[PDB]
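Protein chains in written order, with UniProt numbering: chain C, 30 to 144; chain Y, 30 to 145; chain X, 30 to 145; chain R, 30 to 144.
The structure appears below as structure tokens.
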Ligand SMILES: Oc1cccc(-c2nnc(-c3cc(Cl)c(O)c(Cl)c3)o2)c1
Ligand SMILES: Oc1cccc(-c2nnc(-c3cc(Cl)c(O)c(Cl)c3)o2)c1
């Protein structure tokens, strides 16, 4: 597992559970091709998206479906989704965690890249 | 006035100056049409992107070119850009400020929405 | 002018209005002496806390009364307050903006420091 | 372990390792009494601060020594420390994670409170 997504809820102080997450890889023609997807677990985490063999250098987009998450909690949100776009680089550490902290009108995101 | 972008640098403790920003609007065919663009000033603010007439209802994407910002400063950052995607003006005209706070491996973004 | 506090609400997408703020300065005996206080306006800003003369070098604590804010809105938040502690004016006078973005279980804070 | 502290580095995209963390409990006379302390691990985490028996309701302060952290990396920071002040409440979930994401002139903090 070289890619992991962690989502937190700043309103309830909890993991953000059952959030849909879609990962795309940028194609040669600049379009976004589907790469991996899933829903966050009870811990707010989504493991098992890809493998080392599949996760080659390139530009990836992680789309977190925040709007559906907030609406399922009965809350009106601002964003359609949260988007995290980055280059995977073999020169740096091998494990990427993309973390996001969600509020209705705001989000924060960070990358934790380790070996 | 109807749309304003403010960025800030969390490393320097300063406005993020000269940050390029591209705004897109989702067209009827579901592509992202270029809507407006500009650069942040010495105050980290970008005014004058659009007008009340042209800023109709729709789904908008504000792309803040964070990589270009950090690379112009000689720093190798993580993200390509920060993208802020939202429906606007669906209950009539509002004024939107999209703010972002940048670090090399992280960013925060918020919206301030006001009704004139 | 030398010290300004801006808060924002990440739930509402608005300025955080009527937020109480207490500033302290570390005294020679290492206690926190009251320095100034005030409330954010309808814009989420708090101006007029101090003067260039009185805002001397020192270690300052800006306490933003987030619990009182959320409880006045009928919400039970996690934190008591947000505390921002920093050395100021140690290389001569600067202008400081302390900003905070509030959620019930979280907050972000940043500083914008400028040299007049 | 009912209390855990996690610290991340937004400049390097990493755990914040070897950060000193002090926890205080508010006494009856409104002073802060030392409660627990330690240094974050290689994963940016500090476990083992307290036990269920010791961690009674009350107001706690977690002080994260961000200034020393940044200076040890050769970076000039703004804050003296980051401070997280909260009430432990038995009515809510039993496990508290206090997370902080550090930059030189900024920090973010959240609480993840679960059962
Ligand atoms: O709508 C406005 C207008 C002028 C200033 C600001 C602003 N100042 N600081 C922020 C700010 C602060 C933190 Cl701590 C954040 O995490 C984010 Cl996203 C924005 O936004 C926001
Ligand atoms: O409880 C955990 C366990 C593992 C990782 C995290 C975590 N990772 N990132 C954060 C995080 C991210 C952002 Cl954008 C934030 O503003 C904050 Cl305060 C924490 O928290 C939090």
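Ideal Cβ placement from N, Cα and C applies to all residues, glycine included.
| query | result |
| --- | --- |
| Residues, ordered as in the chain, of the segment 113 to 134 of chain R that lie near chain Y by beta-carbon distance below 7 Å | 130, 132, 133 and 134 |
| Residue 101(X), DSSP secondary structure in three states | helix |
| Cβ neighbours of residue 51(C) in the same chain (closer than 6 Å, five flanking residues each side left out) | 66 and 92 |
| Sequence-distant residues of its chain with Cβ nearer than 8 Å to residue 37(R) (five each side left out) | 43, 44, 45, 73, 128, 129, 130 and 131 |
| Neighbouring residues, chain R, relative to residue 66(X) (Cβ below 8 Å) | Under the 8 Å cutoff, chain R gives no residues; its nearest Cβ is about 17 Å from residue 66(X). |
| Three-way DSSP call (helix, strand, coil) for residue 79(C) in this model | coil |
| Chain C contact residues for residue 110(Y), given Cβ-Cβ distances below 7 Å | 114 |
| Contacts around residue 134(X), its chain only, beta-carbon distance under 6 Å, and the 5 residues preceding and following it disregarded | 107 |
| Spatial neighbours of residue 79(R) in its chain, beta-carbon cut-off 6 Å, leaving aside the 5 residues before and after | 32 and 65 |
| The beta strand (DSSP E) enclosing residue 46(X), as first and last residue numbers | Where residue 46(X) is concerned, there is no enclosing beta strand (DSSP E), given that its DSSP letter is neither H nor E. |
| Inter-stretch contact (C-beta, 8 Å, three-pair minimum) for the segment 84 to 91 of chain C and the segment 111 to 122 of chain C | yes |
| One or two residues paired with residue 111(Y) in a DSSP bridge | 113(C) and 93(Y) |
| Per-residue burial, residue 119(X) [other beta carbons within 10 Å of its own, 16 or more giving buried] | exposed |
| Among 53(R), 71(R) and 84(R), the one whose alpha carbon lies nearest that of residue 30(R) | 84(R) |
| Simplified DSSP assignment, three categories, for residue 66(X) | strand |
| Under 8 Å between C-beta atoms of residue 138(X) and residue 136(R) | yes |
| Distance cut-off 7 Å: residue 139(Y) Cβ against heavy atoms of ligand 1 | yes |
| Closest residue to residue 48(R) among 125(R), 56(R), 121(R) and 99(R) (Cα-Cα distance) | 99(R) |
| Through-space distance from residue 34(X) to residue 117(R), alpha-carbon basis | 28 Å |
| Residue 58(R), DSSP secondary structure in three states | coil |
| Cβ-heavy atom distance, residue 129(R) to ligand 2, below 7 Å | yes |
| Strand pairing of residue 121(X), partner residues [DSSP] | 119(X) |
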